[PDB]
Amino acid sequence: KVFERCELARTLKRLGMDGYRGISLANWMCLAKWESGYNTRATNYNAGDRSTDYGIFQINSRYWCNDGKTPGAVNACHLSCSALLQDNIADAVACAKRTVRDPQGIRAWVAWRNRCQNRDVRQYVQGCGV
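Going by mature numbering (1 follows the signal peptide of the UniProt record, and there is no 0), the sequence shown opens with residue 1, and the numbers climb by one from there.
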């Protein structure tokens, strides 16, 4: 599924993402936008370390989900990476929350640092009623 902006903003808000561990909804919106264009079936294989990024937040298989084909990988979210390719984003959100419970917080994703950090992200939630 490819979410429309405000549709996603409300979906994330209902899933308890607004202000989760101090992270605003606008920040999560900026993350999803740059990671996958709000596409839940987006995938990216990394030939360098043989890991794959899955879903709307492009969560990596080396540490967060199990895909059975990533060398010496772990599954901190305790989910099949397939769970991160569903139209329903509840599991991806649980995993995104798991990721930010760690020391880096939202900084876990380099794309967030690249195009969200110290940026004006108000634009992502304006007019969505959140």
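Ideal placement from N, C-alpha and C gives every residue a C-beta, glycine not left out.
Quiz item: Would you call the stretch 11-25 and the stretch 41-50 touching, i.e. three or more CB-CB distances under 8 Å?
Solution: no
Quiz item: Would DSSP call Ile89 helix, strand or coil?
Solution: Taking the sequence shown and counting its residues from 1, the one referred to as residue 89 is at position 89. DSSP places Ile89 in coil when its eight states are reduced to three.
Quiz prompt | Where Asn75 falls: helix, strand or coil (DSSP) | solution = The residue labelled residue 75 in the question sits at position 75 within the sequence shown. Residue state, collapsed to three classes: coil.
Quiz item: Which value, in whole angstroms, describes the spacing of the CA atoms of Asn114 and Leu31?
Solution: Locating residue 114 in the sequence shown gives position 114, counting from the first residue. Locating residue 31 in the sequence shown gives position 31, counting from the first residue. Taking the straight line from one Cα to the other gives about 10 Å.
Practice problem: Kindly confirm or deny that the stretch 120-130 and the stretch 100-110 touch, where touching means at least three C-beta pairs closer than 8 Å. | Solution: no
Quiz item: If you follow the beta strand (DSSP E) that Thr43 is part of, which residue opens it and which one closes it?
Solution: The sequence position of residue 43 within the sequence shown is 43, counting from 1. From DSSP, the beta strand (DSSP E) with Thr43 extends over 43-46.
Practice problem: Answer with buried or exposed for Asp87, where buried requires no fewer than 16 other C-beta atoms within 10 angstroms of its C-beta. | Solution: In the sequence shown, counting from the first residue as 1, residue 87 sits at position 87. The residue is exposed, with fewer than 16 neighbouring Cβ atoms inside 10 Å.
Quiz item: Going by beta carbon distance, what residues of the same chain come within less than 6 Å of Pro71, once the five residues before and after it are set aside?
Solution: Taking the first residue of the sequence shown as 1, we reach residue 71 at position 71. Same-chain partners within the cutoff: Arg50.
Self-check item: Under 8 Å between C-beta atoms of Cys77 and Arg98
Solution: For the purposes of this step, residue 77 is taken as residue 77 along the sequence shown, with counting starting at 1. For the purposes of this step, residue 98 is taken as residue 98 along the sequence shown, with counting starting at 1. A contact, by the Cβ cut-off of 8 Å.
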